[PDB]
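A short worksheet on the structure shown next.
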Amino acid sequence: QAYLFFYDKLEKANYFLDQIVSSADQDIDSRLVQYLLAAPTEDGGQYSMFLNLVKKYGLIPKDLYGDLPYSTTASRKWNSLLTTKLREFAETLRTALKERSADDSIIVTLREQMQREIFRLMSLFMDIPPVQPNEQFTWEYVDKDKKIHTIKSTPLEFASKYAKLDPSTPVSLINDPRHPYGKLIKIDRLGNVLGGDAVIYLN
Amino acid sequence: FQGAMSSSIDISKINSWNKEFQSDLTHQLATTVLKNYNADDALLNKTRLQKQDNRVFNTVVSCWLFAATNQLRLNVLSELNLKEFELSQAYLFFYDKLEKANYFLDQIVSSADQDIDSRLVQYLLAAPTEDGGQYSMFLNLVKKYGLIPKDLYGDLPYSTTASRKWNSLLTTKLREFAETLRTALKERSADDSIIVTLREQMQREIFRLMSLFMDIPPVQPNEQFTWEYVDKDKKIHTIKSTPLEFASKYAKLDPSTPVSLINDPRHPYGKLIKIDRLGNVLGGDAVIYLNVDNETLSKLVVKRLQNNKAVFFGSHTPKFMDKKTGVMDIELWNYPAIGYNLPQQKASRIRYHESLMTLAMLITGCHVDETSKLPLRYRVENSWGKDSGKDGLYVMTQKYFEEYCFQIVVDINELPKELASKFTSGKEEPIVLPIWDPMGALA
Amino acid sequence: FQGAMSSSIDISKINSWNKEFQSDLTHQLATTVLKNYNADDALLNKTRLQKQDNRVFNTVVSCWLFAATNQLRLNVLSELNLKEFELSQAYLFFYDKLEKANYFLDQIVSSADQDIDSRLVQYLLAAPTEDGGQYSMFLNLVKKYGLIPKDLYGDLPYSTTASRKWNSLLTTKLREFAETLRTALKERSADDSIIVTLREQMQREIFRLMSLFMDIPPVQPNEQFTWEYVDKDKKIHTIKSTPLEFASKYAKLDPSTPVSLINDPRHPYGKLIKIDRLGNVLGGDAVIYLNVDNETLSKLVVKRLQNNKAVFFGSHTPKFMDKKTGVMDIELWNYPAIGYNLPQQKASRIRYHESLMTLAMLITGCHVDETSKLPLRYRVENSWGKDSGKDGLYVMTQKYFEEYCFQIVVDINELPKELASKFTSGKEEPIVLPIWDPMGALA
């Protein structure tokens with residue numbers, strides 16, 4: 001679970017930076033901006049967000065990446081330190097955006113230094129997973145019969161070949177009396193992986 | 001495409017950075033320790049603790065409800081020569097909650113014109129009856145209800161200590177009433193007979209539910225109560241008085257003298273600041289602050305203390321506060337040792353949702369640079385008991401005061417005529433902030 | 001003078017060094033964390049833990065008293081088809097303590113010639129009846145007393161679990177007897193009538209005090225006992241046997257096959273090593289080890305395991321052992337991150353009072369480099385229960401085995417004729433070490 005938790009938090013933080021740039025035009029005291037500054041890296045999530053993570057990172061057996069780190073069970077402190085920094089970065093960005101354009105060289109550099117800094121702080125409470133999504137890992141295990149086996153696979157292939165996950169089949173329905181039935185419902189801006197799928201429900 | 005790509009998390013990038021951080025010894029040590037322990041517990045700096053934990057103060061006196069009533073408590077204690085004494089907090093808590101709920105109904109009617117999904121309405125539905133409050137709200141309660149000794153109205157009821165459940169049931173009902181009102185307002189006018197009746201039935205229902213968790217106080221504000229007590233000498237006495245007279249004659253409270261100042265870098269100093277719609281008793285006073293610089297703020301704290309009176313103040317608890325040792329020092333934890341530094345300034349911290357007032361406490365002392373200078377540290381007290389801090393006492397640095405404290409309350413007579421007139425002129429137009437401003441209610 | 005001065009602690013020196021260490025970021029972080037937490041708790045490396053905590057073993061079987069009897073326990077379990085079974089540890093514990101105390105009296109007589117303040121005598125008076133032991137000592141007990149099911153002699157007595165008090169009272173008496181003997185030996189000869197009587201009264205007194213904390217076992221070694229039990233099938237059975245026959249016929253123990261090897265870098269390999277005077281049953285076998293290199297030692301562990309038998313082994317507990325996670329890895333704690341490195345090698349560690357055998361455990365499995373190589377990790381089990389380690393199981397690295405383990409016990413028939421002959425030739429003269437050698441008794 002920690003595997004996904006790590007990338008979810010790293011992605012949300014990065015996504016937040018983008019949300020701030022795309023709303024740089026609105027006032028700091030606006031409804032959207034204040035809302036963005038409220039809880040940038042909360043642990044919550046949705047199913048589409050789960051799929052956005054799995055399509056990009058895959059899955060791995062817990063044996064290779066457990067819940068050993070303190071923050072994996074008591075993330076409140078960690079999240080708080082991260083958020084305090086994201087609030088500083090938000091000002092740094094907005095400020096730099098008053099004079100420079102978004103695609104401007106300076107901004108692009110600034111955003112990269114922020115990703116760097118986010119990742120650095122995160123690596124202090126959790127290690128980046130041991131293998132990259134397309135990198136092979138070797139897993140030793142014992143089956144029901146006490147017979148030992150070795151599996152060599154990558155996180156992505158594993159999620160697919162062994163976990164049998166097909167990201168195209170899952171869809172979520174919802175009973176939301178506020179709107180007509182048979183209509184599709186979309187939650188604006190809600191996400192984790194920049195450019196990932198949106199939160200969609202069929203009412 | 002290029003921009004969106006540059007803004008995505010690149011796996012090669014983070015793994016390359018990881019490789020670089022891992023070749024740094026400080027980082028290797030930092031992630032060993034930080035995967036094992038809470039950053040605050042791991043980084044608490046005992047070397048700094050050693051020099052900052054100083055409990056000597058050369059200027060000393062001889063949650064929001066406790067902090068606001070403490071002085072009045074002292075007044076009674078001295079006026080009647082008692083060994084111990086306590087004002088009923090529950091008395092004010094009961095009326096504060098009943099008033100807030102009623103006030104909420106009014107807020108809903110006055111905003112019936114805006115959509116349900118609007119910023120103000122949604123905000124109103126969020127936490128209609130939270131326990132927090134401000135000093136002006138305390139005065140609004142005391143002017144209407146007075147004060148009573150704790151002996152006549154204690155914290156016996158369950159909900160007086162665990163109000164969360166109760167508050168929740170109340171709020172669920174207030175949310176139902178909000179719809180009932182708004183709905184009835186689509187066709188009828190506010191002053192319309194039907195609405196007025198509807199609102200009264202709601203007050204009734206609120207009071208009924210409240211009476212289930214707490215009893216209405218035993219006497220009305222102008223109703224006499226008789227209080228039997230024992231003074232320091234074991235000699236018994238009987239006092240016959242009403243809540244209002246008591247707050248005045250024995251507690252010595254004059255609602256016209258207290259004024260609160262604040263250090264809010266977002267706005268010019270010398271200007272008055274008003275929090276829109278924030279209140280409890282319908283038609284009561286508004287939350288008003290006179291914005292001022294820190295030097296002035298610090299000097300006022302010293303003067304009040306030299307006048308032998310503790311100082312009500314609002315701060316951002318528990319930022320940089322160590323409850324175990326009772327220290328409030330923004331440098332007590334060695335975060336820079338792990339490359340964690342915080343450059344964002346006070347004004348920005350506020351605008352960017354990073355700092356706000358969350359709690360009211362009391363400054364009961366301070367230490368001034370006896371050379372020819374100014375305050376270095378303050379003695380702070382809360383109502384958590386001898387358990388919190390050192391026997392309940394805290395020590396706060398001057399720098400912490402400047403950076404994570406905002407408001408203090410003083411008597412207008414202790415202010416320079418220059419600032420006093422800000423409250424008495426009538427020429428000052430206040431800067432008006434939204435009801436959700438970070439500089440609002442204190443727990 | 002110059003030399004003594006250069007060897008003194010110079011205040012300017014240490015404060016100058018401090019200044020230099022303080023300007024190093026890793027050091028600043030290290031002393032922040034280390035003033036707050038235990039070095040082991042602070043430096044435990046979870047990144048290393050993650051990869052080393054592997055509970056997969058391709059070679060598996062299907063405190064000193066528990067480890068030495070476990071196999072015999074298994075033998076009975078299989079021989080009688082029981083769901084569960086346990087040999088009495090208390091049985092051996094009783095006679096071990098009684099024998100050691102008696103043996104001590106003999107040690108004192110045989111060294112009566114040396115001064116009281118001598119190295120050997122003072123050493124003898126130190127801990128005459130400690131609970132530790134060796135494998136040869138286990139055999140000396142079994143050859144004389146046999147074995148019995150726990151059901152007939154359990155750990156009911158208080159002292160069987162908290163022997164410290166009891167041992168202390170016994171030792172105080174043994175110290176009194178030591179003087180009484182030595183004194184009587186200044187004038188009389190050892191074989192002198194008086195001495196012989198005196199020694200018998202002492203045995204009597206030892207046994208009397210021991211019988212107060214534990215009962216002598218219910219049957220004598222050649223005395224038949226009747227044991228009622230239930231097999232896996234709920235079917236009841238009665239076994240009539242004596243302790244000696246039982247240890248042999250049901251436990252299948254042959255005292256002639258077990259031999260112990262050891263990796264002691266202080267001496268040449270291929271040579272036999274003997275611990276002088278170390279024993280329990282007067283006239284019993286001595287503690288003997290065949291010194292061998294680690295490759296050989298590791299291979300023997302594999303072979304025993306492939307023969308489906310756990311392996312008794314002595315190591316330095318709890319060096320580099322994490323009880324909470326059940327891991328024995330000398331690199332599990334990131335000490336080099338704080339500049340703490342340990343270059344001293346095994347042979348030196350032993351000679352310099354840094355490492356010794358302290359505890360006996362069992363190797364119940366291992367993982368071999370299935371390519372074409374050798375063992376990588378071993379499965380280890382102790383008798384502390386499911387609480388210690390992971391459900392009581394530990395995982396030990398190959399490197400830990402090489403560095404902080406020393407002795408293993410195998411059957412002479414599993415040894416290469418080359419090494420087997422070392423025990424059967426009769427030509428080998430053993431290297432003789434003092435009774436206080438770090439390679440002695442195991443707890």
Side-chain angles (χ1 to χ4, degrees), chain B residues 63-104 129-133 137-167 169-170 173 200-231 235-255 280-284 383:
Chain B
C63 273
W64 64 292
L65 288 180
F66 148 69
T69 59
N70 191 70
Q71 184 53 276
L72 305 179
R73 188 185 66 79
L74 272 31
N75 294 347
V76 176
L77 242 183
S78 66
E79 190 63 1
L80 312 181
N81 174 64
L82 316 77
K83 183 64 180 301
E84 286 200 62
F85 177 71
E86 202 152 306
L87 292 170
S88 166
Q89 247 75 61
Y91 182 71
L92 301 167
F93 179 70
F94 181 92
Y95 294 128
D96 175 60
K97 196 168 293 307
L98 188 264
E99 289 287 346
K100 283 176 183 161
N102 177 63
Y103 188 71
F104 165 79
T129 58
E130 42 188 292
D131 298 345
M137 285 162 73
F138 166 66
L139 293 183
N140 286 343
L141 288 171
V142 186
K143 289 186 189 174
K144 180 175 186 176
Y145 300 101
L147 292 172
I148 195 177
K150 181 175 181 179
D151 296 319
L152 307 186
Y153 196 69
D155 310 5
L156 293 177
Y158 160 75
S159 287
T160 67
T161 60
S163 58
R164 182 177 298 181
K165 222 307 143 168
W166 177 32
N167 272 309
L169 296 167
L170 186 46
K173 261 291 163 179
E200 179 171 57
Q201 302 178 310
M202 287 169 181
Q203 297 189 316
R204 193 170 185 288
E205 210 66 328
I206 291 164
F207 178 75
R208 198 191 91 225
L209 297 169
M210 282 195 68
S211 65
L212 298 188
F213 303 85
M214 292 186 73
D215 295 326
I216 182 174
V219 304
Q220 291 170 52
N222 287 285
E223 188 182 357
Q224 284 199 304
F225 60 71
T226 66
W227 178 44
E228 297 174 296
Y229 66 94
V230 191
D231 58 35
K235 205 168 187 174
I236 291 179
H237 304 281
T238 299
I239 269 182
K240 215 168 60 180
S241 173
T242 72
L244 290 171
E245 171 208 346
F246 186 82
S248 170
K249 170 174 164 54
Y250 297 92
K252 315 291 175 58
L253 185 269
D254 183 332
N280 57 343
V281 179
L282 177 59
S383 60

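The chains referred to below are lettered A, B, ... by the order of the sequence lines, with proteins before strands, and numbering in each begins at 1.
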### Query
Where do B/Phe246 and B/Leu147 come nearest, in terms of heavy atoms and distance?
CD2-O, 3.4 Å
### Message
Ignoring hydrogens, what is the shortest heavy-atom contact between B/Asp155 and B/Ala90? Give both atom names and the distance.
### Response
OD1-CB, 3.9 Å
### Task
Would you name the heavy atoms of B/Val76 and B/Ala251 that are closest together and state the gap between them?
CG2-CA, 3.8 Å
### Message
Taking the side chain as everything from C-beta on, heavy atoms only, tell me whether B/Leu80 gets closer than 4.5 Å to B/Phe85.
### Response
no
### Query
Would you say the side-chain atoms of B/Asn222 and B/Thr242 include a donor-acceptor pair closer than 3.5 Å?
no
### Task
Nearest 0.5 Å please: distance from the CG atom of B/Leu141 over to the NZ atom of B/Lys143.
11.0 Å
### Query
Looking at side-chain heavy atoms only, is the closest gap between B/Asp131 and B/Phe93 below 4.5 Å?
yes
### Query
For B/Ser383 and B/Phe66, which heavy atoms make the closest approach, and how far apart are they?
CB-CD2, 3.4 Å
### Message
Once rounded to the nearest 0.5 Å, what's the spacing between atom CG of B/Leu65 and atom CG of B/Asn70?
### Response
12.5 Å
### Task
Check each of B/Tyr153, B/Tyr145, B/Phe225 against B/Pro243 using the side-chain contact (heavy atoms from CB on, under 4.5 Å) test, and report the only one that passes.
B/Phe225
### Query
Is any side-chain heavy atom of B/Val230 closer than 4.5 Å to a side-chain heavy atom of B/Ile236?
yes
### Message
I'd like to know whether B/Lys97 forms a side chain to side chain donor-acceptor pair (under 3.5 Å) with B/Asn167, so could you lay out the CA-CA distance, the side-chain angles of the two residues, the decisive distance to 0.1 Å, and finally the verdict.
### Response
CA-CA 9 Å; B/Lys97 196 168 293 307; B/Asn167 272 309; 2.7 Å; yes
### Message
Does atom NZ (B/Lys252) have a neighbourhood of more than 12 heavy atoms from anything else shown, all under 6.0 Å?
### Response
yes
### Task
Could you tell me the separation between the CD1 atom of B/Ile148 and the CG atom of B/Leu92, rounded to the nearest 0.5 Å?
10.0 Å
## Note on the structure
For B/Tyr103 and B/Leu282, the nearest pair of non-hydrogen atoms, with its separation, is CD1-CA, 3.5 Å
Show every donor-acceptor pair shorter than 3.5 Å between a side-chain atom in residues 205-219 of chain B and any protein atom, with sequence neighbours excluded, or say none if there are none.
unit_1, atom_1, unit_2, atom_2, d
B/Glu205, OE1, B/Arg208, NH1, 2.6
B/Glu205, OE2, B/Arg208, NH1, 2.7
B/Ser211, OG, B/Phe207, O, 3.4
B/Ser211, OG, B/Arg208, O, 2.6

### Task
Find out whether B/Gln71 and B/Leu253 are in side-chain contact, i.e. whether some heavy atom of one side chain is under 4.5 Å from a heavy atom of the other.
no
### Message
Please check: side-chain N/O of B/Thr161 versus main-chain N/O of B/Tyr158, any donor-acceptor pairing under 3.5 Å?
### Response
yes
### Task
Report the distance from atom CG of B/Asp96 to atom OH of B/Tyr91, rounding to the nearest 0.5 Å.
13.0 Å
### Task
Can you measure from NZ (B/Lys249) to CD1 (B/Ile239) and round to the nearest 0.5 angstrom?
7.5 Å
### Task
Report yes if the side chains of B/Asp151 and B/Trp227 come closer than 4.5 Å at any heavy-atom pair, otherwise no.
yes
### Task
Find out whether B/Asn75 and B/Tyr250 are in side-chain contact, i.e. whether some heavy atom of one side chain is under 4.5 Å from a heavy atom of the other.
no
### Query
Looking at side-chain heavy atoms only, is the closest gap between B/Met137 and B/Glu99 below 4.5 Å?
no
### Message
I need the B/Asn280 CG to B/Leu139 CG distance, nearest 0.5 Å.
### Response
10.0 Å
